[PDB]
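The chain below stands alone, shown as structure tokens; this is the form deposited in one PDB entry.
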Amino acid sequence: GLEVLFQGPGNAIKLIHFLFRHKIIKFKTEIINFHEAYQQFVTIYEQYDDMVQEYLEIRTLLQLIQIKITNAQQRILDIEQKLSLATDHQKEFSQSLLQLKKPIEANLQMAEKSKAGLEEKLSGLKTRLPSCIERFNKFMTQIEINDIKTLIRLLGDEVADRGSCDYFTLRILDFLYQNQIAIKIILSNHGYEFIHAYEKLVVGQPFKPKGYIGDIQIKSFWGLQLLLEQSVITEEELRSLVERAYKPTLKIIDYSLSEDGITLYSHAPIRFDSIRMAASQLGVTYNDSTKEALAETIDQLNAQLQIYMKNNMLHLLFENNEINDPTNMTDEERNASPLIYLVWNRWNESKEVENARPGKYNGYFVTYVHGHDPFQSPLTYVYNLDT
């Protein structure tokens, strides 16, 4: 079989860049100017990403301003409650209370005006959104599938914004799914953050800002919220997209078998013994005896990921506030939260020790392929994806 590696799943331009480069997709021959259409997509994505950024900031500013308003209104009415109870001979006290109110009524006036200005910018954003999505939907009619026989493994970008799972990325993953492309995404810390945020959006009552948030600081949550709020997409539309084209691709760890070896695909560099630790946490009986046994254990890990995910319980696996440095977890911490180690670990010289990552085990070869990590192992059977 033919296979390629990417980081991702986003951002949209990187993913499009990569799909063109490996001849997975191509412009339909009916397009008059390939370069012009390509540049239009870049512009569209840069326009959409700016709008989501502005929306997040406006929304952050409106949350803080409403705090300012509610605190001022409370303090004024508390003072008003006291004035109403004063006596006829406490005339200095009444004047004192008026003095105290005057700056609060000033701040309240100021905050109400800032809010109005922010709601002005927010409504202007919302008139620009539909045509931007309209232009993206047009771009999506201009491409067609090409090579359908190539498997895509997305090992996850190590930084947030560069691999972010915006709405465009989601629509591209659906395009590949509708065209029968085999896609596998190795779940990362950012992948978990995305799923966690998405579950908030598709549960009733529909999410209203604001709000328990908070954050939801990730940009991919905000753009979906913007699209839902402006009726660009429906909750049924979004659930459909995520359940059919994104969730069924997710793996904790992935593999491929050769005649006498196994290749292990992960997001972070990981020790071989991390797999057993994960099987323990997920209730899977760990079998190491043969490469087929190990593959069968991994399939069951991924089957359990789907169960936790279908039950909205991923946070139990991927959130542990007690861990000090998830990138350099202690052995006690590795046992405690194996899945956090799998997506956060960063390698260094101290971890490049014999038996960390054997190249031969229980009679079969082992090969390790993982997303980008600054440390460069000299082991010939370790593959460290570039950025």
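Basically, rigid core = biggest C-alpha set you can superpose within 1.5 Å across the two forms. A residue's number is simply how far along the shown sequence it sits, counting from 1.
Beyond the structure shown, there is the form deposited in another entry, which is absent from this document and is the topic of what follows.
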Of the residues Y255, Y246, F168, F221, superposed on the core between this form and the one not shown, only the C-alpha of one moves by 2 Å or more, and that residue is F221
| Any CA movement of 2 Å or more for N328 between this form and the one not shown, core superposed? | no
Inspect the rigid-core superposition and answer whether the C-alpha of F207 shifts by 2 angstroms or more between this form and the one not shown.
yes
C-alpha of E80: shift of 2 angstroms or more between this form and the one not shown, rigid core aligned?
-> yes
Checking the C-alpha spacing of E193 and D161, a student should find that in that other deposited form it changes by 3 angstroms or more, with the atoms closer
Output row for the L155-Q217 CA distance, |change| of 3 angstroms or more in that other deposited form, reads closer
